[PDB]
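K.L.:
Residue numbers (PDB author numbering), protein chains in the order written: chain H, 3 to 222; chain K, 3 to 63, 73 to 130; chain E, 2 to 93, 99 to 115, 120 to 134, 142 to 165; chain R, 2 to 179; chain g, 49 to 96.
Next up is a structure, given as structure tokens.
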Amino acid sequence: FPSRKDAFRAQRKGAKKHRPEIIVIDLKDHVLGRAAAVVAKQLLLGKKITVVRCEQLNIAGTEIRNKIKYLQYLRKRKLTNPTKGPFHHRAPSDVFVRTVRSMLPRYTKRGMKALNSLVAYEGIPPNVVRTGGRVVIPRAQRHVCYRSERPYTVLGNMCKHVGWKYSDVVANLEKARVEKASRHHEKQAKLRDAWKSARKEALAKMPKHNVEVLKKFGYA
Amino acid sequence: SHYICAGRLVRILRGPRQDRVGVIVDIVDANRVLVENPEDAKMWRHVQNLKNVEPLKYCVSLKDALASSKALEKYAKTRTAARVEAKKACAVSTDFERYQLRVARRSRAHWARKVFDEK
Amino acid sequence: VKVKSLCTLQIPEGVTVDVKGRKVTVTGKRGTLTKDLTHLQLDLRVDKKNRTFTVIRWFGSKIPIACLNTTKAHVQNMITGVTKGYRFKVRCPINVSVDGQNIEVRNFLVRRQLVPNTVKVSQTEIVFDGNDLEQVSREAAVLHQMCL
Amino acid sequence: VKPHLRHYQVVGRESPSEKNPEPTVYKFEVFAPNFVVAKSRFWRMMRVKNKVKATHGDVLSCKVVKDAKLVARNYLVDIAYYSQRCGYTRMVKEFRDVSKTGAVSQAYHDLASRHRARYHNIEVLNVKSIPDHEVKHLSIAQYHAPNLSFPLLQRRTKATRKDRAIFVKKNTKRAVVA
Amino acid sequence: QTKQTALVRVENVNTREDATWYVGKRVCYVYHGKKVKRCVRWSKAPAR
RNA sequence: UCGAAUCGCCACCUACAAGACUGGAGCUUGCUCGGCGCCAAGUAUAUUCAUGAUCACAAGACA
RNA sequence: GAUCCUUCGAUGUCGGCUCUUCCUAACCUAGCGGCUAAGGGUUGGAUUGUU
RNA sequence: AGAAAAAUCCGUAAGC
RNA sequence: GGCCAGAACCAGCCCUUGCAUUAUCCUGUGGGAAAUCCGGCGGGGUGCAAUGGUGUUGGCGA
RNA sequence: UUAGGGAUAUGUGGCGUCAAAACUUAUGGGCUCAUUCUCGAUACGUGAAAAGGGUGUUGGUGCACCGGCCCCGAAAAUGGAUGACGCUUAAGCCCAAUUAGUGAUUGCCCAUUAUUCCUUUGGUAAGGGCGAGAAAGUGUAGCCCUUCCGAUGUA
Ligand SMILES: [Mg+2]
Ligand SMILES: [Mg+2]
Ligand SMILES: [Mg+2]
Ligand SMILES: [Mg+2]
Ligand SMILES: [Mg+2]
Ligand code: NA
């Protein structure tokens with residue numbers, strides 16, 4: 003929430019609304035560790051990144067193996083005062099953020115700035131839905147990283163079985179969002195077809211040598 | 003999907019002979035094949051890995076059989092060959108040609124806008 | 002590493018099999034049976050005119066070969082179930103009440123079990146009727162384990 | 002890739018002396034990385050069999066043997082390796098390559114992978130190309146059938162090195178970063 | 049680290065053959081301070 | 001106060017799923033039949049640019 | 001037992017009382033056909049400075 | 001400078 | 001102001017096919033249609049060499 | 001193996017992030033799935049034996065044995081350690097390459113080391129001289145100029 007001084011400065015200056023350059027990554031069907039390493043290096047290089055759909059990351063192996071690994075992690079606590087001990091976060095976005103934090107140099111101001119440059123969500127929230135197209139990391143995708151015969155696990159199911167009470171909430175919100183987007187995209191089909199037809203028809207009216215150059219370069 | 007078989011036409015993906023078309027003349031093993039093409043000067047008989055080929059939809063069944080099949084003409088006619096030639100054209104281009112392409116695209120966009128408004 | 006391994010089956014007239022994305026749907030006189038096979042990575046093919054069903058494995062070790070036979074057996078059981086169906090019999099003082107979809111047992115040597127919708131249970142000595150073998154066998158095994 | 006070994010022929014002799022005015026001349030075939038290793042293997046074999054040390058010997062010639070035209074053939078490689086608690090072991094395997102050097106390099110990689118055997122413990126007895134009707138194993142016999150064909154699945158095809166990207170648009174070929 | 053040499057990554061340059069093209073070029077690093085000090089054309093062009 | 005670093009934008013991207021998967025058929029089961037944007041509102045007939053004097057934060061902006 | 005590495009301008013020594021925590025090769029309690037299981041329990045007195 | 005916000009009225013990313 | 005920058009030139013330094021061997025080889029003319037393979041006859045790709053100077057153009061400095 | 005500083009190239013060790021280097025290289029071959037200390041994974045050095053089994057192979061022949069990887073055998077006291085995260089179409093293990101069957105030569109990263117350039121200091125030192133400049137000289141603000149070699153260190 004902005005302060006009244008910040009609002010007054012903005013009003014007095016009169017400049018228009020500003021948004022910095024932010025990359026939004028759709029993390030569905032990505033390998034957790036490879037995605038974390040790539041994102042950590044980009045954060046250190048100076049990018050602002052927002053990751054969505056953190057509950058559909060992938061890990062290799064069976065859910066039972068990965069759940070046993072998490073329980074072993076959860077067993078560690080400072081015996082003398084557990085309120086100081088390690089804090090075990092159960093949500094998939096917190097799991098991703100902790101993996102990245104362990105891949106960063108966290109006890110330095112530079113590493114702290116890098117870690118604060120990252121935002122993580124489950125699903126796609128309304129303040130992110132309409133900001134532009136999402137990206138993928140092609141060198142960290144499951145269909146090219148795992149052999150197809152081997153089993154794998156989805157982060158949401160494992161996190162649900164170790165804690166994380168909000169799986170059903172996220173599922174309902176995602177279903178509603180996809181329904182709304184599907185309705186909107188079913189609309190505008192006529193407009194898209196009209197623009198495609200206009201593009202096809204303009205060739206008959208533009209100059210012939212321009213058409214020839216387009217055909218030569220393959221934009222025909 | 004297109005199968006790997008004797009006489010099948012393939013395109014090379016990477017390497018010094020990339021974006022070239024040849025014919026499979028012998029299956030050495032699960033990973034390697036022998037490729038030749040009399041038409042191309044650089045495509046004499048050699049060994050290629052199967053990670054470096056893309057099968058096409060033509061299979062002759073050597074120079075006489077290839078000429079009779081006329082798969083080279085069909086490949087020249089399809090849209091992939093057009094894309095490859097356009098990529099080579101874009102690669103070898105000058106500032107003047109880039110300017111000409113820019114004005115052609117701007118002309119097409121303007122006329123598309125006019126047609127859309129008219130309709 | 003064998004290049005190609007094959008297994009094929011014939012389809013009786015009046016029954017149809019459709020495959021799409023490793024999803025199998027067998028339609029017969031009795032009804033439709035759906036099976037899931039996304040955890041297999043096989044090559045399923047159907048030719049209606051020849052009334053043949055085949056499954057292929059390319060460059061496979063012993064395990065894929067072992068999985069091919071089970072796939073064929075499952076498809077065969079599916080077609081048999083949609084063609085004629087299954088009817089299991091159980092017979093054992100003990101008073102067992104068929105009721106409707108609830109099985110109650112009392113005075114053994120009260121145990122209650124819920125019967126799934128797809129299976130229709132009746133008392134002649143009870144009779145289990147289902148369109149697929151797995152559900153009927155599961156119901157019989159559940160009843161046996163309860164009465165033990 | 003091209004094979005990492007070469008086919009050499011070393012011809013040698015013992016230096017003539019008064020007790021031995023006309024010594025015997027021997028011919029040796031070896032697959033080696035370079036001709037220094039070829040000569041070393043030659044003198045090891047000569048000492049181990051004929052009781053002739055390198056310090057009283059002569060090397061008459063060493064040359065590299067050329068290979069035949071590129072044709073897919075079946076090769077029989079007769080090989081022997083050493084490992085402790087097993088003694089010397091001799092095995093015969095059939096490969097499928099385009100040259101003798103390729104078949105022997107395949108054999109070396111196979112022995113290293115399956116038995117942890119290394120170059121200085123392996124010895125090659127014979128290599129030859131056999132006709133297609135003398136193959137006794139199905140895994141090699143299946144490649145000379147008349148109707149052999151298969152599709153390419155699970156292809157992890159990458160991009161040209163100059164076009165690789167770090168972030169790309171979700172359903173598009175547009176690079177966002179790189 | 050040795051501070052007298054710096055490493056720079058340029059967009060769309062992803063090969064050693066590409067990075068060879070840029071040898072000899074000039075790089076800037078713009079920033080800002082807290083007070084107005086002298087610049088190149090201080091007297092002529094006081095708009096700088 | 002305040003001058004500052006940042007230098008693509010869009011009611012055509014900003015919906016979705018699968019890679020043993022990709023338009024429709026046939027049986028012969030492997031064969032056959034993003035858009036714009038880069039100096040005339042648009043590819044032609046036009047029109048002001050200095051002396052800011054040979055590099056210097058772009059002396060310019062928030063399309 | 002062996003040893004002699006630290007400490008001789010000093011690191012307070014047996015038993016009991018009091019109080020907390022951890023282990024398992026499971027005495028009881030709990031499931032199986034000897035196996036699993038460390039979750040909760042495991043007493044009060046005569047003689048003796050005792051263990 | 002980054003919202004698990006929004007995109008005559010009210011009610012419908014519709015007809016409204 | 002040799003205070004700060006740019007370009008140019010000298011010197012030095014760093015980088016950037018030949019001839020040998022070509023044969024277990026190449027090429028025509030019983031076995032497994034053809035090919036892979038084995039005997040008869042005829043024709044022929046790897047070791048060396050090829051910081052220092054000497055002015056010029058701007059900025060700041062009245 | 002060590003005077004005060006530049007540039008170039010290496011040794012041991014490495015090239016997913018921490019952390020410089022394959023923005024996760026290859027147009028190389030095989031093997032491996034590991035459910036509560038436990039799949040592996042930098043020697044010296046800090047994790048194990050007899051016996052028994054799964055997946056890929058090898059002698060023998062008309063079934064027996066005999067090796068690669070993995071599992072069982074394998075039980076302790078604060079919560080914890082391939083360094084951490086993580087990795088399985090490896091970022092694991094055994095071999096092999098250098099931009100790949102296209103045709104001569106070195107993929108790249110990091111030292112108080114090597115080569116080279118500038119400056120100091122000392123010699124079992126070696127030569128020359130006697131418009132501002134020169135002293136017949138062990139040692140200075142060194143009489144002046146050129147040249148080569150060494151330079152760490154407790155008692
Ligand atoms: Mg003692
Ligand atoms: Mg030392
Ligand atoms: Mg790095
Ligand atoms: Mg000294
Ligand atoms: Mg002293
Ligand atoms: Na390490």
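Yeah, the Cβ is synthetic: ideal placement off N, Cα and C, and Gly gets one too.
For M92 of chain R, report the span of its alpha helix (DSSP H) as first-last.
P.N.:
Taking the fourth sequence and counting its residues from 1, one reaches residue 92 of chain R at position 91. Taken as a continuous stretch (DSSP letters only), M92 of chain R belongs to no alpha helix (DSSP H), being part of the beta strand (DSSP E) at 88-98.
K.L.:
So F151 of chain R contacts chain E; which residues on that side make the cut at Cβ distance below 7 Å?
P.N.:
For this step, residue 151 of chain R is matched to residue 150 along the fourth sequence. The answer, in chain order, is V4, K5, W59.
K.L.:
Taking the continuous alpha helix (DSSP H) assigned at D106 of chain K, which residues delimit it?
P.N.:
Walking along the second sequence from the start, residue 106 of chain K turns up at place 95. Start and end: 106-129.
K.L.:
According to a CB-to-CB cut-off of less than 9 Å, which residues of the stretch 6-30 of chain K neighbour chain R?
P.N.:
Cβ contacts with chain R come from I6, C7, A8, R10, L15, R16, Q20, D28, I29, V30.
K.L.:
Report the partner residues of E38 of chain K according to the DSSP bridge assignment.
P.N.:
On the second sequence, residue 38 of chain K is found 36 positions in, with the first residue counted as 1. Paired residues: K:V25.
K.L.:
Quick one, which of H:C147, H:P22, H:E124 has its alpha-carbon nearest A173 of chain H's?
P.N.:
On the first sequence, position 171 is the one that residue 173 of chain H refers to. Considering only alpha carbons, the answer is H:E124.
K.L.:
Taking any Cβ of chain E, which residues in the stretch 62-94 of chain R have a Cβ under 9 Å from it, in chain order?
P.N.:
Within the stretch 62-94 of chain R, no residue qualifies.
K.L.:
Taking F36 of chain R as part of the alpha helix (DSSP H), name the residues at either end of that continuous run.
P.N.:
Locating residue 36 of chain R in the fourth sequence gives position 35, counting from the first residue. Note, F36 of chain R: alpha helix (DSSP H), 36-51.
K.L.:
According to a CB-to-CB cut-off of less than 7 Å, which residues of the stretch 61-86 of chain g neighbour chain R?
P.N.:
Result list: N62, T63.
K.L.:
Check this for me: beta carbons of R46 of chain E and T55 of chain E, under 8 Å apart or not?
P.N.:
Within the third sequence, residue 46 of chain E is the residue found at index 45, counting from 1. Within the third sequence, residue 55 of chain E is the residue found at index 54, counting from 1. In this structure, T55 of chain E lies closer than 8 Å to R46 of chain E by Cβ.
K.L.:
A100 of chain K versus chain H: which residues are under 7 Å apart at the beta carbon?
P.N.:
Counting from one through the second sequence, the residue named residue 100 of chain K turns up at place 89. Going along chain H in sequence order, the residues near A100 of chain K (Cβ under 7 Å) are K218, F219.
K.L.:
Whose C-alpha, out of H:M208, H:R201, H:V171, H:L157, is nearest the C-alpha of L29 of chain H?
P.N.:
Against the first sequence, residue 29 of chain H aligns to sequence position 27. Considering only alpha carbons, the answer is H:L157.
K.L.:
Identify the contact partners of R136 of chain H in chain R, using a Cβ-Cβ distance below 7 Å as the criterion.
P.N.:
Within the first sequence, residue 136 of chain H is the residue found at index 134, counting from 1. Residues of chain R passing the Cβ test: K171.
K.L.:
Flag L52 of chain K as yes if its beta-carbon sits less than 8 Å from any beta-carbon of chain R, otherwise no.
P.N.:
Reading the second sequence from its first residue, position 50 is the one you call residue 52 of chain K. By this cut-off, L52 of chain K is an interface position.
K.L.:
Would you kindly work out how many angstroms separate the C-alpha atoms of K67 of chain R and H8 of chain R, rounded to a whole number?
P.N.:
Against the fourth sequence, residue 67 of chain R aligns to sequence position 66. Against the fourth sequence, residue 8 of chain R aligns to sequence position 7. Those two C-alpha atoms are separated by around 8 Å.
K.L.:
Quick one: what's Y27 of chain R bridged to in DSSP?
P.N.:
Translated into positions along the fourth sequence, residue 27 of chain R becomes position 26. BP columns for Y27 of chain R point to R:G13.
K.L.:
For the stretch 147-164 of chain R and the stretch 6-18 of chain K, state whether three or more C-beta atom pairs, one from each stretch, are separated by less than 8 Å.
P.N.:
Enough Cβ pairs lie closer than 8 Å, so yes.
K.L.:
Are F114 of chain E and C68 of chain E closer than 8 Å when you measure CB to CB?
P.N.:
Residue mapping note: residue 114 of chain E aligns to position 108 of the third sequence, counting from 1. Residue mapping note: residue 68 of chain E aligns to position 67 of the third sequence, counting from 1. No; because the gap between Cβ atoms is not below 8 Å, this pair is not in contact.
K.L.:
I want to verify the contact list: residues of chain K whose CB lies under 7 Å from the CB of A204 of chain H, in sequence order.
P.N.:
Stepping through the first sequence from its first residue, residue 204 of chain H is reached at position 202. Residues of chain K passing the Cβ test: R119, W122, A123, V126.
K.L.:
I'd like to know whether the C-beta atoms of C63 of chain R and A33 of chain R end up nearer to each other than 8 Å.
P.N.:
Mapped onto the fourth sequence, residue 63 of chain R falls at position 62. Mapped onto the fourth sequence, residue 33 of chain R falls at position 32. Cβ atoms of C63 of chain R and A33 of chain R: not closer than 8 Å.
K.L.:
If you compare alpha carbons, which of E:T71, E:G82, E:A158 is closest to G29 of chain E?
P.N.:
Working through the third sequence from its first residue, we reach residue 29 of chain E at position 28. Taking only the C-alpha atoms, the option nearest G29 of chain E is E:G82.
K.L.:
Over what stretch of residues does the alpha helix (DSSP H) that includes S154 of chain E continue unbroken?
P.N.:
On the third sequence, residue 154 of chain E is found 137 positions in, with the first residue counted as 1. That run of the alpha helix (DSSP H) goes 150-163.
K.L.:
Over the uninterrupted alpha helix (DSSP H) stretch that includes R6 of chain H, give me the two end residues.
P.N.:
By 1-based counting over the first sequence, the position of residue 6 of chain H is 4. It spans 6-15 - the alpha helix (DSSP H) in which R6 of chain H sits, taken as one unbroken run.
K.L.:
I need the straight-line Cα distance from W197 of chain H to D19 of chain E, nearest angstrom please.
P.N.:
The count along the first sequence starts at 1 and reaches residue 197 of chain H at position 195. The count along the third sequence starts at 1 and reaches residue 19 of chain E at position 18. Taking the straight line from one Cα to the other gives about 39 Å.
K.L.:
Do the stretch 93-107 of chain K and the stretch 195-210 of chain H meet, that is, are 3 or more Cβ pairs less than 8 Å apart?
P.N.:
Judged by Cβ distances under 8 Å, the stretch 93-107 of chain K makes no contact with the stretch 195-210 of chain H, as fewer than three pairs qualify.
K.L.:
Mapping DSSP to helix, strand and coil, what is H20 of chain H?
P.N.:
Here residue 20 of chain H corresponds to residue number 18 of the first sequence, with the count starting at 1. Coil at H20 of chain H, not helix or strand.
K.L.:
Between the alpha carbons of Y109 of chain R and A37 of chain H, how many angstroms are there, rounded?
P.N.:
Position 108 of the fourth sequence, counted from the first residue, corresponds to residue 109 of chain R. Position 35 of the first sequence, counted from the first residue, corresponds to residue 37 of chain H. Rounded to whole angstroms, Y109 of chain R to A37 of chain H spans 38 Å at the Cα level.
K.L.:
With 8 Å as the threshold, decide whether the Cβ of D31 of chain H is near any Cβ in chain R.
P.N.:
In the first sequence, counting from the first residue as 1, residue 31 of chain H sits at position 29. No, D31 of chain H does not count as interfacial toward chain R.
K.L.:
Using alpha carbons as the reference points, say which of K:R22, K:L11, K:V35 lies closest to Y144 of chain R.
P.N.:
Here the question's residue 144 of chain R lines up with position 143 in the fourth sequence. For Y144 of chain R, the nearest C-alpha among the options comes from K:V35.
K.L.:
What is the rounded straight-line gap between the Cα of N122 of chain R and the Cα of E30 of chain R?
P.N.:
As a position in the fourth sequence, residue 122 of chain R is number 121, starting the count at 1. As a position in the fourth sequence, residue 30 of chain R is number 29, starting the count at 1. Cα to Cα, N122 of chain R sits roughly 17 Å from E30 of chain R.
K.L.:
Would you be able to state if there are at least three C-beta pairs under 8 Å between the stretch 143-160 of chain E and the stretch 73-91 of chain E?
P.N.:
The stretch 73-91 of chain E is in contact with the stretch 143-160 of chain E.
K.L.:
Taking a contact to mean a Cβ-Cβ separation below 8 Å, would you say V12 of chain K touches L77 of chain K in this structure?
P.N.:
Along the second sequence, read from residue 1 onward, the residue named residue 12 of chain K stands at position 10. Along the second sequence, read from residue 1 onward, the residue named residue 77 of chain K stands at position 66. No.
K.L.:
Establish whether the CB of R116 of chain K and some CB of chain H are separated by less than 8 Å.
P.N.:
Within the second sequence, residue 116 of chain K is the residue found at index 105, counting from 1. Yes, contact with chain H.
K.L.:
Between the stretch 80-87 of chain R and the stretch 112-132 of chain R, do at least 3 Cβ pairs fall closer than 8 Å?
P.N.:
Result yes; three or more Cβ-Cβ pairs closer than 8 Å.
K.L.:
Counting only Cβ pairs nearer than 7 Å, list the residues of chain K close to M208 of chain H.
P.N.:
As a working mapping, residue 208 of chain H is identified with position 206 in the first sequence. Going along chain K in sequence order, the residues near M208 of chain H (Cβ under 7 Å) are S118, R119, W122.
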